[PDB]
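In what follows, every heavy atom counts, from backbone to side chain, and hydrogens, waters and symmetry copies are set aside. Protein chains get the first letters and strands the later ones, always in sequence-line order, with residue 1 at the start of each.
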Amino acid sequence: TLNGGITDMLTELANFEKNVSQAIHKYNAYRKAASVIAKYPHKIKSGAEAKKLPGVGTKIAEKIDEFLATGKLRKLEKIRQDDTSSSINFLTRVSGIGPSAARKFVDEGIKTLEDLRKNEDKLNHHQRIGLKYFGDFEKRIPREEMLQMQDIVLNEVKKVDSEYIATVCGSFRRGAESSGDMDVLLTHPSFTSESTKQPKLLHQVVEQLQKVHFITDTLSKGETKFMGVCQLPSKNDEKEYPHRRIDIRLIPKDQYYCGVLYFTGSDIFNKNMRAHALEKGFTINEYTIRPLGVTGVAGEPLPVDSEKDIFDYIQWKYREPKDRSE
DNA sequence: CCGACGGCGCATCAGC
DNA sequence: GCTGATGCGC
DNA sequence: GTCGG
Ligand SMILES: Nc1ccn([C@H]2CC[C@@H](COP(=O)(O)OP(=O)(O)OP(=O)(O)O)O2)c(=O)n1
Ligand SMILES: [Mg+2]
Ligand SMILES: [Mg+2]
Ligand code: NA
Ligand code: NA
């Protein structure tokens, strides 16, 4: 907060473009812009001044201006009155529900938490579990709770296989005071860039979190990526914790540093980082960094021994996690 | 003025 | 069934 | 919507 009023607006605008407009570049434009301005250590006084930031542009600057002058932005207000827009916006807040579902659902008359609650049969497993946890999904997990769950997945994993190694990523890793969700990066000897790779691995751990009731519901699950719900065990007579999204990604043991870099994000930060890499003649993914130039065809992965080596290749000072919001 | 925008997992559907 | 696309997601 | 060619 400094320029919260600004970032908010951009955020709203970005939500619009993405849910309603289905103009994903404009969505990306708005968020980068909001993240840069969020790091900005001064209270912006004008658009021009914002313009000096990378990602802030001419339009966004006129807006910031009407904004600073009126405390508002018409276009937002006016969007705010559109009904089709409010439904989509509402619907898209349901996990599993995105731009196209929300429009067909709107088209078919489903448009409120009510319409939804009586039409579970028209949803997919995904959206049904999302409907189910609708407000919980919207709550911030505070840090002390994060410390509790970590402890659990960790302790649980050890139990399945001493060898497994799980690490809590996303906003947590970035030292946040409250996450949004739980992101678990996991590895095991047995599965490497050239392994006879075991689907047993993600499975047995998922299983183990189940039997312990940590894990309550499943959103998706492949042989390397699991996406579901978990929850902390409540004390006698104490009212239970909300349900949380938890993501567990299984990574080749060996491509760990690329793995952790990726899962720690931010998403904006990675977006920015991967881009700079291209610039620099590279192409970074969760597995490897590879040379990629002129012909556009990439080459063999360069060796890496730390997250650091990935910043090195691209000419960037190491940015510890706390510095990853963008 | 204009092409490109990070890179990839899992679910679902149609084509065959 | 498989392959490719599209949705929605991290 | 912006950026960089
Ligand atoms: N479009 C995205 C979204 C996410 N990720 C990466 C960023 C880190 C990891 C975890 O993602 P989230 O849990 O969505 O984000 P977070 O930074 O952990 O934030 P939150 O507190 O909202 O979970 O996935 C990404 O590369 N690209
Ligand atoms: Mg997260
Ligand atoms: Mg997550
Ligand atoms: Na700018
Ligand atoms: Na959604």
>> Does a side-chain N or O of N28(A) approach OP1 or OP2 of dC5(B) to a distance below 4.0 Å, or not?
In response: no
>> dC10(B), OP1 or OP2 - any side-chain N/O from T224(A) closer than 4.0 Å?
In response: yes
> OP1 or OP2 of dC8(C) less than 4.0 angstrom from a side-chain nitrogen or oxygen of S100(A), does that happen here?
Replying inline: yes
> Would you call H25(A) stacked on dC5(B), i.e. ring centres under 5.5 Å apart with the planes less than 30° off parallel?
Replying inline: yes
> How long is the line joining CZ of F263(A) and P of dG9(B), in whole Å?
Replying inline: 13 Å
>> Using a 4.0 Å heavy-atom cut-off, does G96(A) contact any base of the nucleic acid, only the sugar-phosphate backbone, or nothing at all?
In response: sugar-phosphate
> Reading DNA chain D 5' to 3', how would its secondary structure be written in dot-bracket notation, given Watson-Crick and G-U pairs with both distances under 3.5 Å, brackets [ ] for crossing pairs and | for partners on other strands?
Replying inline: ||.||
Please tabulate, one pair per line, each protein N/O and nucleotide N/O from nucleotides 2-4 of chain B that are separated by under 3.5 Å, including the distance.
none

> Below 4.0 angstrom from OP1 or OP2 of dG7(B), is there any side-chain N or O of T283(A)?
Replying inline: yes
> Ring centroid separation for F90(A) and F134(A), is it under 6.0 angstrom?
Replying inline: yes
> Measuring from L131(A):CG to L116(A):CG, what's the distance to the nearest 0.5 Å?
Replying inline: 5.5 Å
> Within less than 4.0 Å of OP1 or OP2 of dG9(B), is there a side-chain N or O belonging to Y262(A)?
Replying inline: no
> How close or far is atom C1' of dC10(B) from atom CZ of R249(A), stated in whole angstroms?
Replying inline: 11 Å
> Just one of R128(A), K132(A), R244(A) clears the salt bridge (charged side-chain N to carboxylate O under 4.0 Å, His left out) bar with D217(A), so which one?
Replying inline: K132(A)
> Taking C-beta and beyond as the side chain, do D323(A) and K39(A) meet within less than 4.5 Å on heavy atoms?
Replying inline: yes
> Do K159(A) and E156(A) meet the salt-bridge criterion of a basic N to acidic O distance under 4.0 Å?
Replying inline: yes
> Within a radius of less than 6.0 Å around NZ of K197(A), do more than 12 heavy atoms belonging to other residues, nucleotides or ligands occur?
Replying inline: no
> What pairs with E320(A) under side-chain hydrogen bond (donor to acceptor under 3.5 Å, both in side chains), at least two apart in sequence or on another chain?
Replying inline: none
>> Under the side-chain hydrogen bond (donor to acceptor under 3.5 Å, both in side chains) definition, can you give me all pairs with a residue in residues 96-109 of chain A, not counting sequence neighbours?
In response: none
> How would you label the contact of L278(A) with the nucleic acid (heavy atoms, under 4.0 Å): base, sugar-phosphate, or nothing?
Replying inline: sugar-phosphate
> Got a donor-acceptor contact below 3.5 angstrom from the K26(A) side chain to the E17(A) backbone?
Replying inline: no
>> Given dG7(B), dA11(B), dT2(D), identify the nucleotide with an atom nearest to the side chain of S220(A).
In response: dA11(B)
Listed pairs, N/O of protein and of nucleotides 13-15 of chain B, under 3.5 Å:
none

> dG1(D) and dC8(B): how far apart are their P atoms, nearest whole angstrom?
Replying inline: 29 Å
> Who are the salt bridge (charged side-chain N to carboxylate O under 4.0 Å, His left out) partners of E307(A), not counting sequence neighbours?
Replying inline: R173(A), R324(A)
>> Looking at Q81(A), is its backbone amide N or carbonyl O close enough to the side chain of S85(A) to form a donor-acceptor pair, meaning the two atoms are under 3.5 Å apart?
In response: no
> Side chain of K59(A): nearest nucleotide among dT2(D), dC8(B), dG9(C)?
Replying inline: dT2(D)
>> If we ignore hydrogens and angles and just use 3.5 Å, is the side chain of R245(A) paired with the main-chain N or O of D183(A) as donor and acceptor?
In response: no
> Quick one: is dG9(B) close enough that its OP1 or OP2 comes under 4.0 Å of any side-chain N or O from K225(A)?
Replying inline: no
